[PDB]
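Next up is one chain by itself, shown in structure tokens, the form deposited in one PDB entry.
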């Protein structure tokens, strides 16, 4: 048996598979070594997963997570996985999951639009070019975190519509002071900012929300997608933001003169197909 895990910072998708047949699917909280220590990751995995995962004999454990950028960061997750599963674990970027999941052994451009945002050029085996994500502060354009950051900024400065302001404070039972506390004082701020993508998904009628989405989606293209040879290679998307705003993403694509066809919610479906050889 093999285990494939895909994390994006908000949720971690676990797939216990046999060849190509899925045995069990479980979701835990997101795993990111920029926001979690080795102890916190180990706790998350053990609390999140049933005992059935830690009982079944595993040959390899394939992990793809956000934050797994450097060797030091990949060591944190790996040592945590090895501790729990007693199995050689291969920790890679969630961007490689997006690449393998969307293309298998084909060439093109794989992108992520979820909690964070990332992009790469895939030749069919390895990532040739990769514009750095930068995290929720120094990047992640067109991501849920970027949407929420822009939204909450407008909420605090009363530049968003009143209906949105009132509905936000009612739904989350917060005050401006509390919003300040969650972002700066409470952990996983990137989750809370990204969580606002789900909130604003119901207000697609408002001009503000359309303007918020488009401007962020365009910002992703201009800074990430534009850097690649995008006019000659297929561009495929993965992520919650991509999936929920598939119409607006396709619109932005057409603005930059590209035809976005494949928009998957999770790259996991293709990862099982990929890890079947």
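For the two forms, the rigid core is made up of the largest set of C-alpha atoms that agree within 1.5 Å on superposition. Numbering follows the first chain given and starts at 1.
What comes next is about the form deposited in another entry, which is not displayed.
Only one of 79, 131, 165, 204 has its Cα shifted by 2 Å or more between the shown form and the other one after fitting on the core, and that residue is 79. In this overlay on the rigid core, residue 266 has a C-alpha that sits less than 2 Å away from its partner position between the shown form and the other one. If you fit the rigid core between the shown form and the other one, you'll see the Cα of residue 36 move by 2 angstroms or more. After superposition on the rigid core, displacement of the C-alpha of residue 234 between the shown form and the other one stays below 2 Å.
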